[PDB]
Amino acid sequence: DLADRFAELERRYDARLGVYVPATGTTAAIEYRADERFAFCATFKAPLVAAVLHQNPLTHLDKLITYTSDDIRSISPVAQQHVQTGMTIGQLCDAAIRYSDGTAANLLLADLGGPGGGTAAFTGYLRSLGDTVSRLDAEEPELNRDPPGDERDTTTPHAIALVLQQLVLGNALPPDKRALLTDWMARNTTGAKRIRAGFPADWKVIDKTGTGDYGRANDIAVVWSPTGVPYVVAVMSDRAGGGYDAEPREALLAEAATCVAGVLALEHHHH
């Protein structure tokens, strides 16, 4: 029946929807198109920050990066305001996650893999985590613009949720670094109408959104019940039928999340 509900969302929104919630010790996996490829869009920025955190001491967060107006080739709310004074690596991580800053992402990719080597190094971080499916091939803003079906710049709901699980809920990061990642996601500003909108206010939600051409709208989150039980939620979507300038529809993601939350929150007392 949950598959029937997701199918109805696809019809109503003229969209392709992918959902993955990993199984837990007391909940079955929720899977819809979970092995189909979808463009990451900005969702890669959460693992990207992880990779930078992992490979460096915390003192690397204080390193000041200078850039110019010519580096700003993508929507960059925070980099545009510090272009004259520069941004530390920590500031860039913050911006990349909380404001989906494109320049910040590109600077972090340069810090991880050097000029021209960022996308391969980022992909390499995913492979170190055991993700053999995802791939990043372009920087911002070109990574949001590949046609439908191109495998460049893609993940799957399945792969990205498992990555996030390891980052947030597993041992991929030591606790101090983990807490920075988790806090930046917790205080994201771009996700109010997506997975957050699907969960009750007393569940903690941390997230990272993505939006792109062909009506692409994604969101990846970790949520905790009111008693601290964690679940990962990946929701991916596109609307290729509208062409490259198709309207993304956030509400599809809110609705998919509401379907999930309903399952995760509803209890089944034995009478």
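All residue numbers are counted from 1 along the displayed sequence.
Quick check on the record: does 74 to 82 or 99 to 107 carry the larger mean Cα temperature factor? Looking at the record's C-alpha B-factors, the answer is 74 to 82.
Out of 127 to 135 and 144 to 152, which one has CA B-factors that are higher on average in the deposited record? That would be 144 to 152.
Quiz for you: based on the deposited Cα B-factor, which of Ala28, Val235, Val232, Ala50 is highest? Highest C-alpha B-factor among the listed residues goes to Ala28.
Just to confirm, going by the entry's C-alpha B-factors, which of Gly116, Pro157, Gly170, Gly90 comes out highest? Top of the list by C-alpha B-factor: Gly116.
If you rank every modelled residue in this chain by C-alpha B factor, which third holds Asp219: lowest, middle or highest? CA B-factor rank for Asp219: lowest third.
Within this chain, which third does the Cα B-factor at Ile206 fall in: lowest, middle or highest? Its C-alpha B-factor, which the entry lists for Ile206, ranks in the lowest third among residues of this chain.
Would you check the entry's CA temperature factor for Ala256 and let me know if it's in the chain's lowest, middle or highest third? Answer is lowest: the recorded C-alpha B-factor places it there.
Compared with the other modelled residues in the chain, in which third is the CA B-factor of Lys45? Answer is lowest: the recorded C-alpha B-factor places it there.
Report the third (lowest, middle or highest) to which the CA temperature factor of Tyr67 belongs, ranking only the modelled residues of the same chain. As the PDB entry reports it, the C-alpha B-factor of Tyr67 lands in the highest third of its chain.
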